[PDB]
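A short worksheet on the structure shown next.
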Amino acid sequence: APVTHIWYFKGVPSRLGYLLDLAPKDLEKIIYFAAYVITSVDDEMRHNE
Amino acid sequence: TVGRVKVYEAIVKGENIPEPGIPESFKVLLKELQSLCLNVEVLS
Amino acid sequence: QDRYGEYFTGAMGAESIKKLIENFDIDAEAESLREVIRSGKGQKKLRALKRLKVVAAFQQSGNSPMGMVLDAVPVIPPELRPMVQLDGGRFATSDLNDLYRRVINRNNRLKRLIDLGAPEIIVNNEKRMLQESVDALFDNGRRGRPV
Amino acid sequence: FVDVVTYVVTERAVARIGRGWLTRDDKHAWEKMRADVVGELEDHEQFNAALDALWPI
Amino acid sequence: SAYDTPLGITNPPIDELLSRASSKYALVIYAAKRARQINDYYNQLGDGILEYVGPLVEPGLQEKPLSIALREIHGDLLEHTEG
């Protein structure tokens with residue numbers, strides 16, 4: 001299973017915090033497997049559906 | 001410790017006293033920074 | 001995911017991160033932040049700037065952000081975490097060794113949990129337990145209570 | 001006050017139903033005791049801010 | 001030029017060489033490298049005398065290569081290029 005490095009998460013500023021636009025206390029749950037997130041979504045598939 | 005020997009031998013043989021082609025205290029720190037997933041490239 | 005499944009693609013842990021960085025644009029987000037700092041200044045401009053830091057720092061570099069996520073973890077030359085026994089029959093071994101072994105164990109654990117096939121939640125627990133090992137193998141004392 | 005409240009929440013930290021219910025609770029009855037209670041000073045913003053109502057600086 | 005016999009090391013003089021070069025550091029290197037060349041010429045007796053011109057001036061009893069080099073440099077028998 002993939003894993004990250006702490007400096008890029010506990011960077012304060014967390015370097016993933018900005019490259020992804022997501023603030024910590026939310027990725028806190030993501031990488032430590034305490035919640036789920038979504039890659040993308042289909043606008044055209046959903047429009048006609 | 002690998003240079004003083006080369007030096008003793010050079011002198012006793014009468015050949016040009018050598019020179020470290022690339023600094024030598026650097027290698028353990030190079031390893032352990034590479035081991036930490038930080039690419040390092042001695043340039044030239 | 002049961003109903004409405006194939007319309008969105010959810011993931012957990014760094015895996016999701018991986019995905020959202022694979023199918024990811026840089027110069028697009030970069031110009032987004034640029035037009036923000038030049039059009040939507042306000043007070044939250046500080047965030048636009050502090051964030052484009054890493055983006056325009058990840059532009060002409062031969063290192064995609066993938067380097068954060070680890071699919072291939074190195075180990076240190078044994079001698080640098082030395083182990084030697086004194087005269088008499090007693091060892092003297094580094095302290096880092098422990099953490100390494102833990103990673104090893106957890107890896108194999110998960111690497112056979114795949115064959116166990118337990119629902120995704122035991123899998124999440126074991127993945128958490130294996131990345132808790134790297135959380136401190138690089139810098140122990142960084143999240144909550146250390147090892 | 002905060003220490004007393006932490007030892008209180010230690011109840012749900014270890015009194016989940018009967019006690020703990022993890023494979024550690026036969027020798028170390030407190031793995032999650034002092035991994036939840038010694039981590040809740042870090043997972044605190046909610047706890048600390050909603051404490052600031054009852055004992056404000 | 002109105003001085004007396006420069007004694008030992010002080011011969012060849014210094015202000016004479018410092019005009020045969022850009023500076024004093026460049027003279028350090030401009031002498032050390034030729035010292036290496038002289039030594040590698042002396043040590044190599046089997047290999048033919050090629051790529052090693054030897055000493056351009058007459059040596060002495062032993063006249064260690066550095067002195068031969070600085071003398072040659074006094075006689076304007078060398079060229080050099082910086083980096």
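Chain labels run A, B, ... following the order of the structure tokens; each chain numbers its residues from 1, and ligands are numbered from 1 in the order shown.
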Given a cut-off of 9 Å, which residues of chain B touch chain C, counting only C-alpha atoms, written out as a list in words?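 Within 9 Å of chain C on chain B, we get residues 28, 31, 32, 34, 35, 36, 37 and 38 of chain B.
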Same residues, N, CA, C and O atoms, saved as a CSV table (one decimal), in the first residue's frame:
chain,number,residue,atom,x,y,z
B,28,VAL,N,29.1,9.3,3.6
B,28,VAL,CA,28.1,8.7,4.5
B,28,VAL,C,26.9,9.6,4.6
B,28,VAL,O,25.7,9.1,4.6
B,31,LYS,N,24.9,9.0,1.4
B,31,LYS,CA,24.1,7.7,1.5
B,31,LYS,C,22.8,8.0,2.3
B,31,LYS,O,21.7,7.8,1.9
B,32,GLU,N,23.0,8.5,3.6
B,32,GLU,CA,21.9,8.6,4.5
B,32,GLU,C,20.9,9.7,4.1
B,32,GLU,O,19.8,9.7,4.6
B,34,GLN,N,20.3,10.1,0.7
B,34,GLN,CA,19.6,9.3,-0.3
B,34,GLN,C,18.7,8.3,0.3
B,34,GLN,O,17.5,8.1,-0.2
B,35,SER,N,19.1,7.6,1.3
B,35,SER,CA,18.3,6.6,2.0
B,35,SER,C,17.0,7.2,2.6
B,35,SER,O,16.1,6.5,2.8
B,36,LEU,N,17.0,8.6,2.7
B,36,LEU,CA,15.8,9.2,3.2
B,36,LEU,C,14.9,9.7,2.0
B,36,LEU,O,14.0,10.5,2.2
B,37,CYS,N,15.2,9.2,0.8
B,37,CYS,CA,14.3,9.5,-0.4
B,37,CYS,C,14.5,11.0,-0.8
B,37,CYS,O,13.5,11.6,-1.2
B,38,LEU,N,15.7,11.5,-0.7
B,38,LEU,CA,16.1,12.8,-1.2
B,38,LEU,C,17.1,12.7,-2.3
B,38,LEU,O,18.3,12.4,-2.0
Range 2-5 of chain B: which residues within 9 Å, counting only C-alpha atoms, same-chain residues fewer than 2 positions away excluded, as a ChimeraX atom specification? /B:7-10,18-20
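Counting only C-alpha atoms, every residue of chain E that comes within 10 Å of chain B is listed here: residues 35, 36, 37, 38, 39, 40, 42, 43 and 44 of chain E.
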Atoms kept (N, CA and C atoms) for selection, written as a compact mmCIF listing (two decimals), in the first residue's frame:
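Contents of result-v6.txt, as written:
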# COMPACT_ATOMS: atom_id res chain seq x y z
N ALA E 35 55.68 21.45 -11.05
CA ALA E 35 56.36 20.55 -10.13
C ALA E 35 55.88 19.12 -10.34
N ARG E 36 54.57 18.93 -10.45
CA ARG E 36 54.04 17.61 -10.77
C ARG E 36 54.63 17.09 -12.07
N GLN E 37 54.73 17.96 -13.08
CA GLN E 37 55.25 17.51 -14.37
C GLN E 37 56.70 17.06 -14.24
N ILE E 38 57.51 17.82 -13.50
CA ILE E 38 58.91 17.46 -13.32
C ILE E 38 59.03 16.13 -12.58
N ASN E 39 58.27 15.97 -11.50
CA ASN E 39 58.31 14.72 -10.75
C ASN E 39 57.90 13.54 -11.62
N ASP E 40 56.80 13.67 -12.36
CA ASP E 40 56.35 12.58 -13.22
C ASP E 40 57.31 12.32 -14.37
N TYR E 42 60.66 12.58 -13.85
CA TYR E 42 61.76 11.88 -13.19
C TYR E 42 61.39 10.44 -12.88
N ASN E 43 60.18 10.21 -12.38
CA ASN E 43 59.78 8.87 -11.95
C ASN E 43 59.65 7.91 -13.13
N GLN E 44 59.37 8.43 -14.33
CA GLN E 44 59.06 7.60 -15.49
C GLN E 44 60.31 7.50 -16.36
Neighbours of range 36-39 of chain C within 8 Å (only C-alpha atoms; same-chain residues fewer than 6 positions away dropped), as a compact mmCIF listing (two decimals) with N, CA, C and O atoms, in the first residue's frame?
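Wrote it out as part25.txt, contents follow:
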# COMPACT_ATOMS: atom_id res chain seq x y z
N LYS C 45 -5.56 36.41 -0.47
CA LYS C 45 -4.45 36.37 -1.42
C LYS C 45 -3.23 35.69 -0.81
O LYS C 45 -2.47 35.03 -1.53
N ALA C 48 -3.40 32.16 -1.81
CA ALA C 48 -3.04 31.97 -3.21
C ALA C 48 -1.53 31.97 -3.38
O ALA C 48 -0.97 31.12 -4.08
N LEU C 49 -0.85 32.92 -2.73
CA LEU C 49 0.59 33.03 -2.86
C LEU C 49 1.31 31.85 -2.20
O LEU C 49 2.15 31.19 -2.82
Counting only C-alpha atoms, chain A residues within 8 Å of chain C, as JSON, numbers by chain: {"A": [1, 2, 3, 4, 5, 6, 8, 10, 15, 18, 19, 21, 30, 31, 32, 33, 35, 36, 37, 38, 39, 40, 41, 42, 45, 46]}
Hey, what does DSSP flag as strand (DSSP E or B) within range 7-131 of chain C? Can you give it to me as a PyMOL selection string? chain C and resi 8-12+70+83+93
For N, CA, C and O atoms, I'd like the residues from the last selection saved as an mmCIF file, in the first residue's frame.
data_model
loop_
_atom_site.group_PDB
_atom_site.id
_atom_site.type_symbol
_atom_site.label_atom_id
_atom_site.label_comp_id
_atom_site.auth_asym_id
_atom_site.auth_seq_id
_atom_site.Cartn_x
_atom_site.Cartn_y
_atom_site.Cartn_z
ATOM 1 N N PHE C 8 -18.894 8.205 -9.908
ATOM 2 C CA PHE C 8 -17.806 8.806 -9.151
ATOM 3 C C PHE C 8 -16.857 7.700 -8.713
ATOM 4 O O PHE C 8 -17.236 6.528 -8.630
ATOM 5 N N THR C 9 -15.616 8.085 -8.426
ATOM 6 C CA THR C 9 -14.542 7.138 -8.122
ATOM 7 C C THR C 9 -13.912 7.519 -6.786
ATOM 8 O O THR C 9 -12.968 8.313 -6.739
ATOM 9 N N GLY C 10 -14.435 6.952 -5.705
ATOM 10 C CA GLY C 10 -13.908 7.223 -4.382
ATOM 11 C C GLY C 10 -12.730 6.331 -4.030
ATOM 12 O O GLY C 10 -12.630 5.190 -4.474
ATOM 13 N N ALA C 11 -11.832 6.875 -3.215
ATOM 14 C CA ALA C 11 -10.660 6.147 -2.756
ATOM 15 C C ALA C 11 -10.329 6.600 -1.342
ATOM 16 O O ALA C 11 -10.866 7.590 -0.841
ATOM 17 N N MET C 12 -9.428 5.858 -0.705
ATOM 18 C CA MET C 12 -9.042 6.108 0.674
ATOM 19 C C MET C 12 -7.527 6.213 0.776
ATOM 20 O O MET C 12 -6.798 5.602 -0.010
ATOM 21 N N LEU C 70 5.097 6.836 -1.403
ATOM 22 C CA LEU C 70 6.165 5.843 -1.450
ATOM 23 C C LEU C 70 5.607 4.503 -1.907
ATOM 24 O O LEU C 70 4.847 3.858 -1.177
ATOM 25 N N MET C 83 25.456 -2.964 14.648
ATOM 26 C CA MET C 83 25.165 -4.041 15.587
ATOM 27 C C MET C 83 26.462 -4.792 15.828
ATOM 28 O O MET C 83 27.049 -5.324 14.882
ATOM 29 N N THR C 93 23.053 -3.266 19.830
ATOM 30 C CA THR C 93 22.417 -2.975 18.555
ATOM 31 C C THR C 93 21.758 -1.603 18.593
ATOM 32 O O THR C 93 21.307 -1.138 19.643
#
Residue neighbourhood residue 9 in chain E, 12 Å, only C-alpha atoms, exclusion window fewer than 2 positions, as a PyMOL selection string: chain E and resi 5-7+11-14+63-64+66-68+70-71
Would you write out, as a Markdown table, a table of all residues in chain D that have an atom no more than 12 Å from an atom of chain A, listing for each the closest atom pair and the distance in Å to one decimal, considering only C-alpha atoms and ordering rows by chain and rising residue number?
| residue | atom | partner | partner_atom | distance |
| --- | --- | --- | --- | --- |
| D:42 | CA | A:25 | CA | 10.3 |
| D:43 | CA | A:25 | CA | 8.6 |
| D:44 | CA | A:25 | CA | 10.5 |
| D:45 | CA | A:25 | CA | 9.5 |
| D:46 | CA | A:25 | CA | 11.1 |
Restrict the selected residues to N, CA, C and O atoms and save them as a short mmCIF file (atom, residue, chain, number, x, y, z; two decimals), in the first residue's frame.
data_model
loop_
_atom_site.label_atom_id
_atom_site.label_comp_id
_atom_site.auth_asym_id
_atom_site.auth_seq_id
_atom_site.Cartn_x
_atom_site.Cartn_y
_atom_site.Cartn_z
N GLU D 42 -4.30 16.33 20.82
CA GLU D 42 -3.95 16.66 19.45
C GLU D 42 -5.18 16.73 18.55
O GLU D 42 -5.31 17.66 17.75
N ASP D 43 -6.08 15.75 18.67
CA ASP D 43 -7.42 15.85 18.09
C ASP D 43 -8.28 16.60 19.11
O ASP D 43 -9.06 16.02 19.87
N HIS D 44 -8.10 17.92 19.13
CA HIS D 44 -8.54 18.73 20.26
C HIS D 44 -9.41 19.91 19.85
O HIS D 44 -10.26 20.35 20.64
N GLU D 45 -9.22 20.43 18.64
CA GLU D 45 -9.84 21.70 18.27
C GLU D 45 -11.30 21.73 18.66
O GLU D 45 -11.77 22.67 19.32
N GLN D 46 -12.05 20.71 18.26
CA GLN D 46 -13.43 20.57 18.71
C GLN D 46 -13.51 20.50 20.23
O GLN D 46 -14.22 21.28 20.87
#
